>>> print(open('entry_29.cif').read())   # mmCIF, C-alpha atoms and all ligand atoms
data_entry
#
loop_
_atom_site.group_PDB
_atom_site.id
_atom_site.type_symbol
_atom_site.label_atom_id
_atom_site.label_comp_id
_atom_site.auth_asym_id
_atom_site.auth_seq_id
_atom_site.Cartn_x
_atom_site.Cartn_y
_atom_site.Cartn_z
ATOM 1 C CA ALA A 1 -2.521 -1.632 -3.907
ATOM 2 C CA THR A 2 -3.253 0.084 -0.609
ATOM 3 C CA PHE A 3 -1.575 -0.913 2.633
ATOM 4 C CA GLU A 4 -3.021 0.703 5.735
ATOM 5 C CA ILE A 5 -0.250 0.633 8.365
ATOM 6 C CA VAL A 6 -1.635 0.975 11.897
ATOM 7 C CA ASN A 7 0.339 1.393 15.088
ATOM 8 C CA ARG A 8 -1.621 -0.132 17.979
ATOM 9 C CA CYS A 9 1.519 -0.191 20.152
ATOM 10 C CA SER A 10 1.688 2.047 23.209
ATOM 11 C CA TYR A 11 4.994 3.421 21.842
ATOM 12 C CA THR A 12 5.832 5.330 18.672
ATOM 13 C CA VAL A 13 7.155 3.347 15.748
ATOM 14 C CA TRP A 14 8.618 4.532 12.450
ATOM 15 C CA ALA A 15 7.055 2.405 9.757
ATOM 16 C CA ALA A 16 9.220 1.442 6.772
ATOM 17 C CA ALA A 17 8.312 0.085 3.337
ATOM 18 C CA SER A 18 10.881 -0.981 0.725
ATOM 19 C CA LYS A 19 11.602 -3.554 -1.941
ATOM 20 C CA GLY A 20 15.331 -3.475 -1.166
ATOM 21 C CA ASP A 21 16.478 -1.284 -4.064
ATOM 22 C CA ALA A 22 13.731 1.349 -3.779
ATOM 23 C CA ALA A 23 11.225 2.848 -1.361
ATOM 24 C CA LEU A 24 7.616 1.843 -1.566
ATOM 25 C CA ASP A 25 5.551 5.050 -1.487
ATOM 26 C CA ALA A 26 7.478 7.526 0.715
ATOM 27 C CA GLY A 27 9.466 4.614 2.255
ATOM 28 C CA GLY A 28 8.859 5.530 5.893
ATOM 29 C CA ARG A 29 6.940 7.688 8.350
ATOM 30 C CA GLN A 30 6.480 8.236 12.073
ATOM 31 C CA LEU A 31 3.383 6.574 13.565
ATOM 32 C CA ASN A 32 2.525 7.615 17.076
ATOM 33 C CA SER A 33 0.425 5.227 19.176
ATOM 34 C CA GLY A 34 -2.928 4.802 17.414
ATOM 35 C CA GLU A 35 -1.947 6.470 14.139
ATOM 36 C CA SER A 36 -2.656 5.035 10.690
ATOM 37 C CA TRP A 37 -0.672 5.671 7.511
ATOM 38 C CA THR A 38 -1.962 4.427 4.168
ATOM 39 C CA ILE A 39 0.535 3.807 1.410
ATOM 40 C CA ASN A 40 0.207 2.885 -2.245
ATOM 41 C CA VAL A 41 2.330 0.010 -3.483
ATOM 42 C CA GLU A 42 2.665 -0.417 -7.258
ATOM 43 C CA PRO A 43 1.086 -3.539 -8.760
ATOM 44 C CA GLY A 44 3.663 -6.202 -9.591
ATOM 45 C CA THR A 45 5.881 -5.275 -6.656
ATOM 46 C CA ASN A 46 8.008 -8.328 -5.960
ATOM 47 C CA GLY A 47 9.820 -8.868 -2.655
ATOM 48 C CA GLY A 48 8.302 -5.903 -0.823
ATOM 49 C CA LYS A 49 8.605 -5.600 2.947
ATOM 50 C CA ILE A 50 7.029 -3.476 5.651
ATOM 51 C CA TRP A 51 8.458 -3.292 9.175
ATOM 52 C CA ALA A 52 8.480 -1.149 12.281
ATOM 53 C CA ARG A 53 11.521 0.712 13.565
ATOM 54 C CA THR A 54 11.905 1.631 17.228
ATOM 55 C CA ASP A 55 13.710 4.315 19.220
ATOM 56 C CA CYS A 56 14.493 6.572 16.267
ATOM 57 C CA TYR A 57 15.869 10.074 15.989
ATOM 58 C CA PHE A 58 15.677 12.042 12.709
ATOM 59 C CA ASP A 59 16.826 15.541 11.962
ATOM 60 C CA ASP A 60 14.908 18.031 9.806
ATOM 61 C CA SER A 61 16.380 16.503 6.625
ATOM 62 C CA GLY A 62 15.179 12.976 7.490
ATOM 63 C CA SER A 63 18.565 11.591 8.481
ATOM 64 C CA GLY A 64 19.233 9.907 11.766
ATOM 65 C CA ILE A 65 19.238 6.495 13.485
ATOM 66 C CA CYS A 66 16.910 3.822 14.858
ATOM 67 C CA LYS A 67 17.717 1.089 17.323
ATOM 68 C CA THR A 68 15.865 -1.562 15.396
ATOM 69 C CA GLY A 69 15.250 -1.691 11.670
ATOM 70 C CA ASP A 70 17.401 1.305 10.686
ATOM 71 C CA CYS A 71 17.653 1.611 6.856
ATOM 72 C CA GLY A 72 20.934 3.472 6.270
ATOM 73 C CA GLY A 73 19.885 6.252 8.624
ATOM 74 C CA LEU A 74 16.965 7.474 6.495
ATOM 75 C CA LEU A 75 13.434 8.295 7.623
ATOM 76 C CA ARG A 76 12.303 7.397 4.119
ATOM 77 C CA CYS A 77 13.710 3.933 3.546
ATOM 78 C CA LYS A 78 15.144 2.901 0.193
ATOM 79 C CA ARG A 79 16.952 -0.188 1.530
ATOM 80 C CA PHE A 80 15.952 -2.928 3.954
ATOM 81 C CA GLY A 81 16.306 -2.498 7.689
ATOM 82 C CA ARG A 82 18.923 -3.610 10.137
ATOM 83 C CA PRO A 83 17.865 -6.715 12.172
ATOM 84 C CA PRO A 84 16.085 -7.415 14.389
ATOM 85 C CA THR A 85 12.966 -6.714 12.372
ATOM 86 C CA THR A 86 9.660 -8.575 12.263
ATOM 87 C CA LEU A 87 8.830 -8.550 8.512
ATOM 88 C CA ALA A 88 5.568 -8.286 6.618
ATOM 89 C CA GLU A 89 6.543 -9.650 3.175
ATOM 90 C CA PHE A 90 4.619 -9.573 -0.070
ATOM 91 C CA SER A 91 4.842 -10.077 -3.795
ATOM 92 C CA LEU A 92 1.888 -8.710 -5.743
ATOM 93 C CA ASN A 93 0.372 -9.670 -9.117
ATOM 94 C CA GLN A 94 2.559 -12.719 -9.588
ATOM 95 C CA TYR A 95 0.799 -14.631 -12.383
ATOM 96 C CA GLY A 96 -2.561 -13.435 -11.198
ATOM 97 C CA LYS A 97 -2.151 -13.797 -7.417
ATOM 98 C CA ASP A 98 -0.628 -11.978 -4.451
ATOM 99 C CA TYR A 99 1.535 -13.785 -1.868
ATOM 100 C CA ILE A 100 1.960 -12.620 1.719
ATOM 101 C CA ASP A 101 3.765 -13.821 4.829
ATOM 102 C CA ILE A 102 5.339 -12.781 8.091
ATOM 103 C CA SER A 103 8.973 -13.663 8.675
ATOM 104 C CA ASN A 104 11.224 -13.908 11.725
ATOM 105 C CA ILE A 105 14.237 -14.841 9.554
ATOM 106 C CA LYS A 106 15.697 -11.362 10.285
ATOM 107 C CA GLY A 107 14.617 -11.509 13.934
ATOM 108 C CA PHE A 108 11.732 -9.900 15.768
ATOM 109 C CA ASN A 109 11.270 -6.415 17.186
ATOM 110 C CA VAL A 110 7.547 -5.542 17.231
ATOM 111 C CA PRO A 111 4.493 -7.855 17.065
ATOM 112 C CA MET A 112 2.437 -7.656 13.892
ATOM 113 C CA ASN A 113 -0.708 -8.741 12.092
ATOM 114 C CA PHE A 114 -0.699 -8.673 8.272
ATOM 115 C CA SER A 115 -4.190 -9.169 6.851
ATOM 116 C CA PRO A 116 -6.064 -8.496 3.632
ATOM 117 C CA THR A 117 -8.760 -5.801 3.792
ATOM 118 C CA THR A 118 -10.427 -7.310 0.709
ATOM 119 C CA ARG A 119 -11.928 -10.790 0.187
ATOM 120 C CA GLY A 120 -10.562 -14.196 -0.615
ATOM 121 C CA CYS A 121 -7.791 -15.113 1.869
ATOM 122 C CA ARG A 122 -6.764 -15.101 5.508
ATOM 123 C CA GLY A 123 -4.250 -12.935 7.350
ATOM 124 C CA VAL A 124 -1.181 -13.981 9.294
ATOM 125 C CA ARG A 125 0.009 -12.886 12.708
ATOM 126 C CA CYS A 126 3.050 -13.006 14.952
ATOM 127 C CA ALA A 127 2.007 -11.351 18.173
ATOM 128 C CA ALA A 128 3.578 -13.384 20.939
ATOM 129 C CA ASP A 129 6.059 -11.805 23.361
ATOM 130 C CA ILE A 130 9.158 -12.908 21.478
ATOM 131 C CA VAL A 131 11.300 -10.111 22.927
ATOM 132 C CA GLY A 132 10.370 -10.992 26.514
ATOM 133 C CA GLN A 133 10.920 -14.751 25.954
ATOM 134 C CA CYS A 134 14.004 -14.347 23.710
ATOM 135 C CA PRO A 135 16.873 -16.837 24.350
ATOM 136 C CA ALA A 136 19.724 -15.041 26.117
ATOM 137 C CA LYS A 137 22.188 -15.445 23.246
ATOM 138 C CA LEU A 138 19.751 -13.902 20.729
ATOM 139 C CA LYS A 139 18.824 -10.823 22.777
ATOM 140 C CA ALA A 140 19.891 -7.662 20.922
ATOM 141 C CA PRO A 141 21.438 -5.097 23.341
ATOM 142 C CA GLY A 142 20.017 -2.359 21.106
ATOM 143 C CA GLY A 143 16.523 -3.890 21.466
ATOM 144 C CA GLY A 144 14.647 -6.951 20.018
ATOM 145 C CA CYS A 145 15.421 -10.645 19.460
ATOM 146 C CA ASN A 146 17.962 -11.410 16.760
ATOM 147 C CA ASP A 147 17.796 -14.376 14.439
ATOM 148 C CA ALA A 148 20.645 -16.877 14.754
ATOM 149 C CA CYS A 149 22.101 -16.015 11.350
ATOM 150 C CA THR A 150 22.612 -12.406 12.423
ATOM 151 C CA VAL A 151 24.252 -13.506 15.658
ATOM 152 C CA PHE A 152 26.423 -16.442 14.585
ATOM 153 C CA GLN A 153 26.974 -16.115 10.792
ATOM 154 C CA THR A 154 27.079 -19.858 10.049
ATOM 155 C CA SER A 155 26.069 -21.656 6.901
ATOM 156 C CA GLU A 156 23.555 -23.667 8.944
ATOM 157 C CA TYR A 157 21.717 -20.635 10.368
ATOM 158 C CA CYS A 158 21.994 -18.537 7.234
ATOM 159 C CA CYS A 159 21.104 -21.454 4.894
ATOM 160 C CA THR A 160 23.901 -20.268 2.713
ATOM 161 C CA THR A 161 24.022 -23.239 0.438
ATOM 162 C CA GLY A 162 20.298 -23.880 0.322
ATOM 163 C CA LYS A 163 20.706 -26.823 2.637
ATOM 164 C CA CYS A 164 19.969 -26.310 6.322
ATOM 165 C CA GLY A 165 17.612 -27.713 8.891
ATOM 166 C CA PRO A 166 15.645 -26.248 11.778
ATOM 167 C CA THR A 167 17.728 -25.353 14.804
ATOM 168 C CA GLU A 168 17.173 -24.829 18.522
ATOM 169 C CA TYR A 169 16.998 -21.091 17.753
ATOM 170 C CA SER A 170 14.575 -21.394 14.809
ATOM 171 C CA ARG A 171 12.360 -23.657 16.886
ATOM 172 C CA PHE A 172 12.046 -20.892 19.494
ATOM 173 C CA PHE A 173 10.631 -18.484 16.911
ATOM 174 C CA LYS A 174 8.412 -21.220 15.488
ATOM 175 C CA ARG A 175 7.025 -22.177 18.917
ATOM 176 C CA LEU A 176 6.179 -18.566 19.741
ATOM 177 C CA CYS A 177 4.867 -17.800 16.208
ATOM 178 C CA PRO A 178 3.854 -20.885 14.223
ATOM 179 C CA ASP A 179 2.511 -18.781 11.360
ATOM 180 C CA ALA A 180 5.767 -16.939 10.586
ATOM 181 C CA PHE A 181 8.892 -18.181 8.817
ATOM 182 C CA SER A 182 11.482 -19.187 11.427
ATOM 183 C CA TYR A 183 14.384 -20.029 9.089
ATOM 184 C CA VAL A 184 14.984 -19.880 5.353
ATOM 185 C CA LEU A 185 13.776 -23.428 4.573
ATOM 186 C CA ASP A 186 10.883 -23.468 7.007
ATOM 187 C CA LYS A 187 7.707 -25.141 5.778
ATOM 188 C CA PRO A 188 6.079 -22.140 4.093
ATOM 189 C CA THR A 189 3.389 -20.119 5.802
ATOM 190 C CA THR A 190 2.794 -17.950 2.743
ATOM 191 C CA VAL A 191 -0.844 -17.115 2.021
ATOM 192 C CA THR A 192 -2.138 -16.856 -1.528
ATOM 193 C CA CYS A 193 -4.516 -13.898 -2.010
ATOM 194 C CA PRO A 194 -6.422 -12.681 -5.071
ATOM 195 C CA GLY A 195 -4.252 -10.556 -7.330
ATOM 196 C CA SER A 196 -4.565 -6.863 -6.451
ATOM 197 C CA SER A 197 -5.785 -7.390 -2.927
ATOM 198 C CA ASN A 198 -5.418 -4.568 -0.392
ATOM 199 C CA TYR A 199 -4.002 -4.997 3.103
ATOM 200 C CA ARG A 200 -3.547 -3.731 6.646
ATOM 201 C CA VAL A 201 -0.384 -4.160 8.704
ATOM 202 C CA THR A 202 -1.108 -3.642 12.404
ATOM 203 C CA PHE A 203 1.738 -3.323 14.906
ATOM 204 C CA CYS A 204 0.884 -4.680 18.390
ATOM 205 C CA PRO A 205 -2.417 -6.173 17.260
ATOM 206 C CA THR A 206 -3.166 -7.630 20.700
ATOM 207 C CA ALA A 207 -0.682 -5.349 22.547
HETATM 208 O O1 LIG A 301 19.338 -3.464 2.462
HETATM 209 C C1 LIG A 301 20.442 -3.263 1.948
HETATM 210 O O2 LIG A 301 21.300 -2.753 2.588
HETATM 211 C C2 LIG A 301 20.630 -3.635 0.539
HETATM 212 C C3 LIG A 301 19.632 -4.192 -0.218
HETATM 213 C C4 LIG A 301 19.953 -4.524 -1.518
HETATM 214 N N1 LIG A 301 18.938 -5.090 -2.308
HETATM 215 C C5 LIG A 301 18.702 -5.052 -3.656
HETATM 216 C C6 LIG A 301 17.601 -5.710 -3.841
HETATM 217 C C7 LIG A 301 16.824 -5.999 -5.064
HETATM 218 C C8 LIG A 301 17.179 -7.125 -5.942
HETATM 219 O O3 LIG A 301 18.376 -7.733 -5.765
HETATM 220 N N2 LIG A 301 17.189 -6.222 -2.616
HETATM 221 N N3 LIG A 301 17.966 -5.831 -1.726
HETATM 222 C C9 LIG A 301 21.263 -4.319 -1.973
HETATM 223 C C10 LIG A 301 22.192 -3.754 -1.111
HETATM 224 C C11 LIG A 301 23.640 -3.509 -1.456
HETATM 225 O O4 LIG A 301 24.052 -3.788 -2.602
HETATM 226 O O5 LIG A 301 24.442 -3.023 -0.719
HETATM 227 N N4 LIG A 301 21.842 -3.474 0.112
HETATM 228 O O1 LIG A 302 24.034 0.251 5.343
HETATM 229 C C1 LIG A 302 23.980 -0.762 4.642
HETATM 230 O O2 LIG A 302 23.735 -0.721 3.459
HETATM 231 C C2 LIG A 302 24.227 -2.086 5.112
HETATM 232 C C3 LIG A 302 24.607 -2.298 6.414
HETATM 233 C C4 LIG A 302 24.827 -3.634 6.705
HETATM 234 N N1 LIG A 302 25.208 -3.984 8.052
HETATM 235 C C5 LIG A 302 25.120 -5.163 8.737
HETATM 236 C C6 LIG A 302 25.551 -4.962 9.947
HETATM 237 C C7 LIG A 302 25.718 -5.910 11.089
HETATM 238 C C8 LIG A 302 24.524 -6.329 11.849
HETATM 239 O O3 LIG A 302 23.320 -6.104 11.252
HETATM 240 N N2 LIG A 302 25.948 -3.601 10.031
HETATM 241 N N3 LIG A 302 25.710 -3.072 8.902
HETATM 242 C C9 LIG A 302 24.611 -4.594 5.662
HETATM 243 C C10 LIG A 302 24.194 -4.252 4.367
HETATM 244 C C11 LIG A 302 24.019 -5.233 3.233
HETATM 245 O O4 LIG A 302 24.225 -6.410 3.465
HETATM 246 O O5 LIG A 302 23.808 -4.907 2.038
HETATM 247 N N4 LIG A 302 24.040 -3.015 4.213
HETATM 248 O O1 LIG A 303 28.153 -1.929 2.252
HETATM 249 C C1 LIG A 303 26.974 -1.810 1.910
HETATM 250 O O2 LIG A 303 26.197 -2.662 2.186
HETATM 251 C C2 LIG A 303 26.591 -0.621 1.136
HETATM 252 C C3 LIG A 303 27.491 0.351 0.782
HETATM 253 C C4 LIG A 303 26.991 1.432 0.083
HETATM 254 N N1 LIG A 303 27.903 2.433 -0.292
HETATM 255 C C5 LIG A 303 27.924 3.297 -1.355
HETATM 256 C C6 LIG A 303 29.019 3.980 -1.234
HETATM 257 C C7 LIG A 303 29.612 5.039 -2.074
HETATM 258 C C8 LIG A 303 29.192 6.443 -1.937
HETATM 259 O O3 LIG A 303 28.073 6.718 -1.224
HETATM 260 N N2 LIG A 303 29.646 3.591 -0.055
HETATM 261 N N3 LIG A 303 28.995 2.670 0.472
HETATM 262 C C9 LIG A 303 25.617 1.497 -0.186
HETATM 263 C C10 LIG A 303 24.801 0.454 0.230
HETATM 264 C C11 LIG A 303 23.305 0.410 0.039
HETATM 265 O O4 LIG A 303 22.738 1.343 -0.566
HETATM 266 O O5 LIG A 303 22.601 -0.484 0.394
HETATM 267 N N4 LIG A 303 25.320 -0.535 0.902
HETATM 268 EU EU EU A 304 23.765 -2.166 1.750
#
>>> encode(input="entry_29.cif", output="structure tokens", more="lines below")
Ligand SMILES: O=C(O)c1cc(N2C=C(CCO)NN2)cc(C(=O)O)n1
Ligand SMILES: O=C(O)c1cc(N2C=C(CCO)NN2)cc(C(=O)O)n1
Ligand SMILES: O=C(O)c1cc(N2C=C(CCO)NN2)cc(C(=O)O)n1
Ligand SMILES: [Eu+3]
Amino acid sequence: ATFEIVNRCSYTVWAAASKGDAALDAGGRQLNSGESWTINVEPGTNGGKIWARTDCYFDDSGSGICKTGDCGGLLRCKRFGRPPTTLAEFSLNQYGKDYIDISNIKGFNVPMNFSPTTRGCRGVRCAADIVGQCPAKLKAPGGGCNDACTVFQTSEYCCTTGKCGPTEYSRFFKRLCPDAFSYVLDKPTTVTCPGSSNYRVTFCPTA
């Protein structure tokens, strides 16, 4: 499957793509403002994620640091990124269909649109100014808006036992972005697409 990753932000981002125990394609790349990077994701990829990283430094070997979304200091991510990270999430070729969503469960750093480039389903978007409107206690000093699990480490926020409700913090994310997951047990906003669809992830789609 192809994923065209487009940075419409006025700032550079370092895109990342992983399924948690492996890179997808090269795993990461710098995208200056306006740049597009197209990756190939293997069919059947389950639990893949794409995110932006901000304020990164990498040496000539691809090792360094980012202020949001850092994946063990690598340019080319093999692992998931450090919150806060707005997440484009997908599982492909699952009994004939693809499933996509955006999640704020690991916080929000950069606005995003995640849409198919082929027919048969809608896209999803979380493009509101979550960082600017972020509740004081969730603001990340390194940049972004943390989720409450990251900040407080409670069973209720982290849904540790599979029982939790919405919270004042989850409701903030949900109000700003109704079409993204705001907590683990949120009413799903997953979109079913034809199996083997292709996609575009656009950072700062309206920004
Ligand atoms: O993002 C990480 O840091 C990470 C992700 C992991 N994984 C592994 C998967 C795939 C299936 O479990 N997903 N995330 C595992 C570990 C770790 O053991 O330290 N760490
Ligand atoms: O570098 C890692 O693999 C890593 C760093 C982690 N963290 C988490 C923090 C605190 C705030 O994010 N600092 N390092 C957590 C994990 C994991 O759970 O597998 N992995
Ligand atoms: O604590 C972690 O989350 C962790 C520790 C790791 N390791 C591995 C070693 C041994 C030698 O590198 N030390 N910490 C690796 C990972 C990861 O890949 O996600 N995560
Ligand atoms: Eu780890």
>>> axis_aligned_box(input="entry_29.cif", around="ligand LIG 303 (chain A)", padding_each_side="3 Å", output="AutoDock Vina command-line options")
--center_x 26.1 --center_y 2.0 --center_z 0.1 --size_x 13.0 --size_y 15.4 --size_z 10.3
>>> residues_near_ligand(input="entry_29.cif", ligand="ligand LIG 302 (chain A)", cutoff="12 Å", atoms="all atoms listed in the file", output="PyMOL selection string")
chain A and resi 20-21+65+67-74+77-85+106-107+140-142+146-153
>>> residues_near_point(input="entry_29.cif", point="(-9.2, -7.3, 3.8)", cutoff="12 Å", atoms="all atoms listed in the file", output="ChimeraX atom specification")
/A:1-4,113-124,193-194,196-201
>>> closest_residue(input="entry_29.cif", among="A:48, A:176, A:12, A:32", to="ligand LIG 301 (chain A)", atoms="only C-alpha atoms and all ligand atoms")
A:48
>>> closest_residue(input="entry_29.cif", among="A:25, A:55, A:156, A:179", to="residue 11 (chain A)", atoms="all atoms listed in the file")
A:55
